Amino acid sequence: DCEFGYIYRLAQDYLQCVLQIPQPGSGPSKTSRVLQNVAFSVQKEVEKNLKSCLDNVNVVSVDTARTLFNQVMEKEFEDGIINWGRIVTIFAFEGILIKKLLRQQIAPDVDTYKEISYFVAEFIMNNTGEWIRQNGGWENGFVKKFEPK
Amino acid sequence: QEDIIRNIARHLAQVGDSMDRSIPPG
């Protein structure tokens with residue numbers, strides 16, 4: 001919880017969900033299962049509401065995805081506010097990016113989602129990791145908030 | 001012209017803040 005490895009697994013779990021290529025055995029964690037549901041709901045909403053905007057950017061490489069991600073993330077969190085809903089949008093956005101990359105990547109490579117997962121975990125750990133810890137981590141913060149009633 | 005980066009960032013912040021408020025303290 002809250003170290004790179006844990007967050008990377010969450011990010012990679014979510015991209016495999018979006019890409020419909022789950023790892024067989026032994027399945028995602030409780031946290032990941034709760035996250036997949038809420039993040040996908042947000043992703044759908046965003047894809048609909050920013051369609052034309054998202055059509056006017058070309059995600060042609062992992063570097064394009066990384067730079068677009070980092071620039072968007074910087075602007076999203078520039079006011080210094082962190083909350084669990086904003087954390088969810090990070091996962092929703094990497095889902096949007098991997099889908100665009102699958103369509104638009106000039107040299108399609110199959111290990112790209114692992115690269116996307118990496119820089120997502122890097123951002124989450126370095127920019128929201130202290131907040132996450134202070135608010136209960138994934139199991140006592142995120143899951144407690146978002147798990148079913 | 002329309003700033004793609006800021007428009008995406010602005011929307012994600014709004015949706016994140018909106019959803020966060022939607023789920024009460026539980």
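Coordinate-derived values only; no laboratory data. Using ideal geometry, Cβ is built from the backbone for each residue, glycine included, and neighbour counts are taken over all protein chains shown.
Taking A:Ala11, is it over 22 Å from B:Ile4 (Cα atoms), outside any loop (DSSP other than H, G, I, E, B), more than 9 Å from chain B (Cβ to nearest Cβ) and of a type in the set (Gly, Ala, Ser)?
Yes.
Just to be sure before I move on: is A:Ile96 within 11 Å of chain B (Cβ to nearest Cβ) and more than 16 Å from A:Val34 (Cβ to Cβ) in the structure I sent?
yes
Among all residue pairs at least 6 apart or on different chains, which show Cβ distances below 6 Å where the first residue, located in region A:75-90, is acidic (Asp, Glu) and the second is surrounded by fewer than 22 Cβ atoms within 10 Å (Cβ to Cβ)?
Correct list of pairs: A:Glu76/B:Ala9; A:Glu76/B:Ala13.
Give me the pairs: first residue in region B:1-13 and within 7 Å of another protein chain (Cβ to nearest Cβ), second residue acidic (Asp, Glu), beta-carbon distance under 6 Å, and six or more apart or on different chains, which are they?
Listed by first residue and then by second, the contacts come to B:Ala9/A:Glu76; B:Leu12/A:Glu76; B:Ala13/A:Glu76.
In the set A:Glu139, A:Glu122, which member is in a helix (DSSP H, G or I), within 15 Å of A:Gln12 (Cα to Cα), touching a residue at least 12 places away in the same chain (Cβ under 8 Å) and acidic (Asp, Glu)?
Exactly one residue qualifies, and that residue is A:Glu122.
Quick check on A:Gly137: is it of a type outside the set (A, V, I, L, M, F, W, C), more than 13 Å from chain B (Cβ to nearest Cβ), closer than 25 Å to A:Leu97 by Cα and touching a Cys at 6+ places or on another chain (Cβ under 9 Å)?
Taking the combined requirement at face value, the residue does not satisfy it.
Give region A:32-87 a look and list any residue that's farther than 23 Å from A:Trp131 by Cβ, assigned to a loop (DSSP other than H, G, I, E, B) and more than 8 Å from chain B (Cβ to nearest Cβ), or say none.
A:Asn58, A:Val59, A:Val60, A:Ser61
Yes/no matrix, rows are residues, columns are (1) in contact with a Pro (Cβ under 6 Å, 6 or more places away or on another chain); (2) over 20 Å from B:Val15 (Cβ atoms); (3) surrounded by fewer than 16 Cβ atoms within 10 Å (Cβ to Cβ):
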{"residue": "A:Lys51", "(1), (2), (3)": "no, no, yes"}
{"residue": "A:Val62", "(1), (2), (3)": "no, yes, no"}
{"residue": "A:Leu68", "(1), (2), (3)": "no, no, no"}
{"residue": "A:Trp84", "(1), (2), (3)": "no, no, no"}
{"residue": "A:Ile87", "(1), (2), (3)": "no, no, no"}
{"residue": "A:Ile98", "(1), (2), (3)": "no, no, no"}
{"residue": "A:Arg103", "(1), (2), (3)": "no, yes, yes"}
{"residue": "A:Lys114", "(1), (2), (3)": "no, yes, yes"}
